[PDB]
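Presented below is the structure to which this report refers.
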Amino acid sequence: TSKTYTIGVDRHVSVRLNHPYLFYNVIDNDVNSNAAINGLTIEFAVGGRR
Amino acid sequence: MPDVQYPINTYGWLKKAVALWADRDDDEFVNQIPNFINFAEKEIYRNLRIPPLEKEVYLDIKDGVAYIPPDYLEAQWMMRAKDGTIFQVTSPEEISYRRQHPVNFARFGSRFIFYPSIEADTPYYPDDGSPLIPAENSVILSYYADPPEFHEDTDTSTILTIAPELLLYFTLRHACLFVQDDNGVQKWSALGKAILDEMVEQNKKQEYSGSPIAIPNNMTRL
Amino acid sequence: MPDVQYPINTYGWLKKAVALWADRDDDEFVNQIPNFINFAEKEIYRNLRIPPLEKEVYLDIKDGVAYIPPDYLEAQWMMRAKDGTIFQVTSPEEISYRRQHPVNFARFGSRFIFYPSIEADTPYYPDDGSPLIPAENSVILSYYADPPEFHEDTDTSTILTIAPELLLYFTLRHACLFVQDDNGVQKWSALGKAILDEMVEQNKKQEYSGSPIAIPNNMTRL
């Protein structure tokens, strides 16, 4: 999946996965941006294993 | 992200309000909104019964075979327009006896049987008009019918005119199922049920209601 | 990753919607999707009983007997095309007697028996090929039938048109078995069972619905 995060408007990003090894990219393409990230917080659960 | 009106008339807005409540709209989720809804309305109608979905309808008997309409779920009273007269229902094992040796009827698969070879009538299918002036000998049915699944944003149903929060919660249910937030599930579900039972109780207090009842004491002519 | 329409109607889409509602999407899992589905439909049909899977059918009594259909699961009324005259059922330990000293039929392995030693004939069938000139002497049976396993993508069944979420959860069950996310198992299973009971009750509030029953006083002449 991929989504825009637009500050002041959005507080989170909905991504559906279940694989045991996640990755993420953050991209900032935009011209009029001076934003920054202090940190994340990833919401998750647990399934199982085969 | 989205927005809505004060009243949520319908799908076109509801499918957004759901995204709103239930926290998120990320496309993997929205595009199944409709599915969640198709689930919820079904989980409801499977057992909900009230007037607003009822139906009047005339039948074409042909001495028996009178066939069951597709839309049928459950039958309340059934009668004639002529003189006012109520049927009652029984099993094959009895109507068959009535054959060998009041009006009864029964459910043979997709067929309705009536002991006496009745002949209520409808115009034949290709039709042309419908006024019919109900053929003297017409019987009319009162039955709960399967409502239509939504298929359009500006579609609608009484439910939203009256009790939309219900659908909202109950579909949030299957949503919080899609993605694992079960506490929310419990809450949504309890609230759906507690909203719902109110309705049936409304109806119960409606029925037999306007005043005290009393056993008729029917005693025939002798 | 996959995507689906709103109004799930085909095994073809279902096979993907499952892969969806569960995060993990891999060949160790999809390629056995169908097995899970088989398991679920079997677990259901094993004890579910309702009209839509019922069947009308004529028999081929040769002499007081007849062989049972491959597709048979469970029986409801049988009788004659004419006069009704419902049969009832009993054990050999009685019917054999009734031979020594209404109608009675019983089950001997793959065979049906009838005491009065009947003869029915399955229809005349074909020729020009317009109808199935049914045979006088015909008895007709109503029995729940083993539905066909899909074994095809576009294939469908009444169910999906009706209650797909059911199949969905119930197969997710065996899925969450393949890989050990049990709590999800519990959830799926509970919901499947709830749905199912809703259904059976939809049917129960049907099968007697019309009007107050009233126990017949069937008394033979004298």
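Chains as they are written, first to last, in the entry's author numbering: chain DW, 956 to 1005; chain DV, 3 to 103, 115 to 235; chain DU, 3 to 103, 115 to 235.
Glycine included, every Cβ here is placed at the ideal spot set by N, Cα and C.
The alpha-carbon separation between residue 84(DV) and residue 230(DU) amounts to approximately 28 Å.
Taken through DSSP and simplified to helix, strand or coil, residue 981(DW) comes out as coil. Spatial neighbours of residue 147(DV) in its own chain (CB-CB distance under 7 Å, excluding positions within 5 residues in sequence) are listed in chain order as 60 and 83. Straight across, the Cα-Cα distance linking residue 19(DV) with residue 181(DV) is about 8 Å. Pairing residue 235(DU) with residue 205(DU), the inter-Cα distance amounts to about 54 Å. Taking a C-beta distance under 7 Å as the contact criterion, residue 42(DV) and residue 183(DV) qualify as a contact pair. Taking a contact to require three or more Cβ pairs closer than 8 Å, the stretch 990-999 of chain DW and the stretch 11-18 of chain DV do not qualify as touching. For residue 199(DU), the three-state secondary structure derived from DSSP is helix. The three-state secondary structure of residue 961(DW), taken from DSSP, is coil. Residue contact check for residue 194(DU) against chain DW: a CB pair falls below 7 Å. Excluding the 5 residues flanking it on each side, residue 46(DU) has same chain C-beta neighbours closer than 7 Å at 183, in chain order.
In this model, residue 145(DU) and residue 153(DU) are separated by some 14 Å (Cα to Cα).
Judged by beta-carbon spacing, residue 71(DU) lies beyond the 7 Å limit of residue 171(DU), meaning their Cβ atoms are not closer than that value. With respect to chain DV, the C-beta atom of residue 56(DU) has a partner C-beta closer than 7 Å. At a cut-off of 7 Å between beta-carbon atoms, residue 969(DW) makes contact with chain DV.
If you look at residue 125(DV), you'll find it in the beta strand (DSSP E) that goes 124-127. Taking a 10 Å sphere around the C-beta of residue 222(DU), we find 16 or more other C-beta atoms and assign the residue as buried. Within the stretch 10-53 of chain DU, the complete alpha helix (DSSP H) segments of 4 residues or longer fall at 13-23, 29-32 and 35-47, listed in chain order.
Taking the Cβ atoms as the reference, residue 1005(DW) lies roughly 4 Å from residue 192(DU), within the contact range of under 8 Å. Chain DU places a beta carbon closer than 7 Å to that of residue 76(DV), counting this residue as a contact. Partner residues in a beta bridge of residue 215(DV), as assigned by DSSP, do not exist.
Boundaries of the beta strand (DSSP E) harbouring residue 60(DV): 58-60, taken from the DSSP string.
Interface criterion met: the Cβ of residue 972(DW) is under 7 Å from a Cβ in chain DU.
Close to residue 956(DW), with beta-carbon spacing below 9 Å, are these residues of chain DV in chain order: 28, 29 and 30.
Shortest Cα-Cα distance from residue 158(DU) to any of 7(DU), 75(DU), 96(DU) and 8(DU) involves 75(DU).
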